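Below: the structure, in structure tokens.
Protein chains in written order, with the authors' numbering: chain A, 414 to 469; chain B, 414 to 482; chain C, 414 to 551, 562 to 688; chain D, 621 to 688; chain E, 621 to 688; chain F, 1 to 207; chain G, 1 to 207.
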């Protein structure tokens, strides 16, 4: 499932999420070419800074 | 939304995303049995190794860095 | 793509993922109002505490792992000896049990560091303690721990309390942390640190190792060991005095700030 | 100037292994064994020239205590 | 052996609460209060059997300091 | 009249048994001069006295044992007035009651095959079927590509051990399946890991 | 030379509390003439004596205790010399020093409710929001359709007790709700449950 004209390694900002019969590992990519959450089947990569929890 | 024949918290290698009416919480799972990103409304679990940011993410563009002794 | 009614960052429980045409940035929102994983085009927010890695993920499958502690009384000695240098549970020609002595001689022990049963010798580092003459008979440092539960669905304070009062027979100390996982499924696990009374689950848990190319800032840091090239501090108490006694009456302390001196007490 | 960090935790953190970082800043450190070469005052360490520090338990080479 | 960690970061870390770990490694440290059982020299601490070879040791629990 | 009473008889709880390892939770001593603990393993007609001089903890673990062998454990706290020779002679101490336990058996695999996932439409993804026999919990299972002899071993399942184990995410090809179950003990850090029992027969998975 | 010895006063190592069952770890007897161990609870107004035959194990399980009632524990071993009348008098027993512990409280439901989101197309999924006030480590919640005269109680939620509990996937009929808490004794097998508390109100699931 993806926005039109988007690929897991494209420089276009978009969403791409689906299987890969080459490795049978799910792949997820969401964000632009410099701020993204690239989840390879084996390693999860985040570019933009992340906030965990809420203050109080 | 999921790949055919896939269920949350299962050994299959699919993706699952939707509302679990049984517990009335959203659910998520991306990955195989071992390496996965599983999220339940109460708690999130990420089995696979995680990397945040990129090397030289906040490097000065005008000037580089270096070290000497 | 989204559950009906849900919108990005809306109170009602649901999910949302789609484009922001004006900003041309992908957006994602999953979870309730209080707990959620929301990712705009510039920031990723996770309200609910996240656990990364799994217990016993990076263990050797060829050989397990275990820890043990030994304390042996090992001299019929006229004078105080020099502490052993060989890291072997029976040290260099050194007895393992209190032997018999003549009236002139005395007995000296050493609080041997942690022993490794697999190697049957002192683990790397942690040399032998100072030798002290054995007269009559001879709090514990907080540490990390894990436990297995046959069928785990949520954190069990009762199980953890039973664990500590069974193994150590004294209950947990401050800053202790125990992780409980379901037997047959290490993926599902719960971790909590005991401070003051009862257990408080942390906002985040890591099971392997953490590597940071930059700096780290925290209110306080506790670790069983550290190796720092340069350290700058104003005051430094003793661990027992620092954590056990809030008033810091008893101590053996250094004071870099203000007047600098050494106090033995 | 001001800067944005890699990621921020608004609660405590637990790491079952070892944590490595270029440099550490904290208020209270409750450890059990530390290996350090040279130690200065907090302000002196933060200074451009630590030579003006109040105390130094230099250990890598000198191995002597000198109080200024 | 080369070992892949659980977390990798490249910016900076912020923790409002507290961070706990089995052990720590860092080039620099700027602290305010420290409570430690024993203090060693980095060369001795990294080396096996530190108390066999240590430039200066202080045992806060036993109120002892030694310089060779 | 002055005396030094012997430590009370040691009481052992149920023996948690893992292959090549053991866990015994005993009682709390009360005498004022208890300085060590010991246990007399009895395998067949062979007796091994395992002694632990650490009194700090109240749980113990024998590092080395013989796989799949019934044992006998008798434990006892001893005072300072007991010497190595006296302890060896079991003189002047109160020994625990007899207890019988048996060791565990490492997991072993019977078969491996490729099956297509039953689906209502389309090409169902392959799912690997392996039948497992043994004694462990959350046994790990791996695979190795057979194209080359240097291919890495890749973990694919750590779930609970079952008579039949299934999992997905296996690329099409030929693999040699490897299993080595794990079993923990109450102790904080003691984890038991068996050797690798790989399947002699290579199997191939295809759509 | 001949003499008699009273059993050494034991030390209660620890006590784990259940809102109906009490677990105590105590030292081991050291005298041959010991025949049994006894305990003397204190409700704060009436003193209750409890004893358990056999001294095989280091632990005990006191039953039939009033929930939400702090108690004081003191007991020791009594040998064959001690008589029932003398034991009641507690003259020569040389019991252990008292120790005070707080007995936990059974779970209760503060309120019962159910709400669901209106939907443009389709049907809003029923959900149940129920707020508790207990302190059990983990609690199970049952349900029963009250419209029929007699229906079997059915479990629908199993998990940790929380200020607010959310669950769904339940049929449409009006229901009665009972809540029970279960706390695990130090022994893995034994689990202490609670008397089922039932909300007096009866409500239809929000459809």
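Just so it is clear, CB atoms sit at the ideal spot from N, CA and C, and this is done for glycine as well.
Original post:
The beta strand (DSSP E) with residue 555 of chain C in it runs from where to where?
Top reply: Residue numbering in chain C breaks between 551 and 562, and residue 555 of chain C falls inside that break, so it has no position here.
- With burial defined as no fewer than 16 other Cβ atoms inside 10 Å of the residue's Cβ, what is the status of residue 493 of chain C: buried or exposed? exposed
| query | So is residue 687 of chain E buried or exposed if we call it buried at 16+ other beta carbons inside 10 Å? | reply | Exposed is the call here.
Using a C-beta to C-beta distance shorter than 9 angstroms, which residues of chain J count as neighbours of residue 461 of chain B? Note that chain J does not occur in the displayed structure, where the protein chains are A, B, C, D, E, F and G.
Check your understanding: Does any residue of chain F bring its CB to less than 7 angstroms from the CB of residue 445 of chain B?
Key -> yes
- Would you report the Cα separation of residue 88 of chain G and residue 1 of chain G, rounded to the nearest angstrom? Approximately 30 angstroms between the Cα atoms of the pair.
*For residue 587 of chain C and chain F, any beta-carbon pair shorter than 7 angstroms?*
With its beta carbon at least 7 angstroms from every one in chain F, residue 587 of chain C lies outside the interface.
Discussion item. Tell me which residues of the stretch 448-476 of chain C have at least one Cβ-Cβ distance to chain A shorter than 7 angstroms, keeping chain order.
Written reply: When C-beta distances to chain A are compared with 7 angstroms, the residues of the stretch 448-476 of chain C below that value are 452, 454, 455, 456, 457, 458, 459, 460, 462, 463, in chain order.
Tell me the DSSP secondary structure of residue 72 of chain F in three-state form. strand
Alpha-carbon spacing of residue 63 of chain F relative to residue 445 of chain A, whole angstroms: 54 angstroms
Discussion item. Can you tell me where the alpha helix (DSSP H) holding residue 587 of chain C begins and where it ends?
Written reply: 580-590
Exercise. Residues of chain B with a CB under 9 angstroms from the CB of residue 438 of chain A: which are they?
Worked result: 426, 444, 445, 448
- DSSP-derived helix/strand/coil call for residue 451 of chain B: strand
- Task: Report, in whole angstroms, the separation of the C-beta atoms of residue 90 of chain G and residue 72 of chain G, which I expect to be a contact under 8 angstroms.
- Result: Going by Cβ atoms, the distance from residue 90 of chain G to residue 72 of chain G rounds to 14 angstroms, so no, they are not a contact pair.
Those residues which DSSP pairs with residue 192 of chain G across a bridge: G:183, per the DSSP bridge assignment.
Check your understanding: Between the beta-carbon of residue 27 of chain F and the beta-carbon of residue 28 of chain G, is there less than 7 angstroms?
Key -> A contact, by the Cβ cut-off of 7 angstroms.
| request: Helix, strand or coil for residue 59 of chain G, going by three-state DSSP, please let me know. | output: strand
- Query: How would you write the range of the alpha helix (DSSP H) that residue 85 of chain F sits in, first residue to last?
  - Reply: 84-89
C-alpha gap between residue 464 of chain C and residue 640 of chain C, whole angstroms: 20 angstroms
- Query: So what does residue 26 of chain F bridge to, in DSSP terms?
  - Reply: Its beta-bridge partners are F:12.
At 9 angstroms on the CB atoms, spell out the chain C contacts of residue 642 of chain D, in chain order.
635, 636, 637, 638, 639
Could you work out which residues of chain A lie near residue 630 of chain D, taking near to mean beta carbons separated by less than 9 angstroms? 464, 465, 466, 467, 468, 469
(request) Measuring alpha carbon to alpha carbon, tell me which of B:477, B:416, B:471 ends up nearest residue 443 of chain B. (result) B:416
task = State buried or exposed for residue 629 of chain D, treating a residue as buried only when at least 16 other CB atoms are found within 10 Å of its CB.
result = buried
**Asked** Just how far apart, CA to CA, sit residue 162 of chain F and residue 179 of chain F?
**Response** 13 angstroms
How many angstroms separate the CA atom of residue 142 of chain G from the CA atom of residue 150 of chain G?
Their backbone Cα atoms lie some 15 angstroms apart in a straight line.
task = Determine, using beta carbons only, whether residue 117 of chain G comes closer than 7 angstroms to chain C.
result = Closer than 7 angstroms to some Cβ of chain C, the Cβ of residue 117 of chain G qualifies, so yes.
Do residue 172 of chain F and residue 205 of chain F have their C-beta atoms within less than 7 angstroms of each other?
yes
With three or more C-beta pairs closer than 8 angstroms as the rule, is the stretch 486-503 of chain C touching the stretch 517-524 of chain C? yes
*Is there contact between the stretch 471-484 of chain C and the stretch 447-456 of chain C, where contact requires at least three CB pairs shorter than 8 angstroms?*
no
| Rounded straight-line distance, which links the Cα of residue 123 of chain F to that of residue 136 of chain F | A direct Cα-Cα distance of roughly 35 angstroms separates residue 136 of chain F from residue 123 of chain F.
Checking contacts by CB at 7 angstroms: is residue 152 of chain F closer than that to chain A?
-> no
Looking at the C-beta of residue 649 of chain C, does it have a partner C-beta in chain D at a distance below 7 angstroms? yes
- Item | residue 540 of chain C burial status per 10 Å Cβ neighbour count (16 or more: buried) | buried
In the structure shown, what three-state DSSP assignment does residue 492 of chain C receive? Shown here, residue 492 of chain C sits in coil according to DSSP, grouped into three states, outside any helix or strand.
I need the DSSP call for residue 38 of chain G, collapsed to helix, strand or coil. strand
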